[PDB]
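Worksheet: the structure to be examined is printed underneath.
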Amino acid sequence: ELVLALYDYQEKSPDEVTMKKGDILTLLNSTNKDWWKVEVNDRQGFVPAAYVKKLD
């Protein structure tokens, strides 16, 4: 399942990942209402669910 970064997000903790607006990410875990685990290129970690949008 693919998602679109709606906004830039810079990582602020060791479970997080940095993404840039318009980036296309792989949705890994949408279990948490607030933080979704995504893959941005080679790196995986959590971003705000609200800053990404399911395409798929």
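Numbering (PDB author numbering), first residue to last: 7 to 62. Backbone N, C-alpha and C define an ideal beta-carbon position, used for all residues, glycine too.
For residue i, count neighbouring Cβ atoms within 10 angstroms of its own Cβ and tell me buried if that reaches 16, exposed if not.
i	result
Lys27	exposed
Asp21	exposed
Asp40	exposed
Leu61	exposed
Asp29	buried
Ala56	exposed
Counting along the chain, where does the beta strand (DSSP E) carrying residue i start and finish?
i	result
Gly51	49-54
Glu45	41-46
Expressed to the nearest angstrom, what Euclidean distance is found between the alpha-carbon atoms of residue i and residue j?
i	j	result
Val9	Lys59	5 Å
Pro54	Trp42	6 Å
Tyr15	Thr32	15 Å
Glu17	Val46	12 Å
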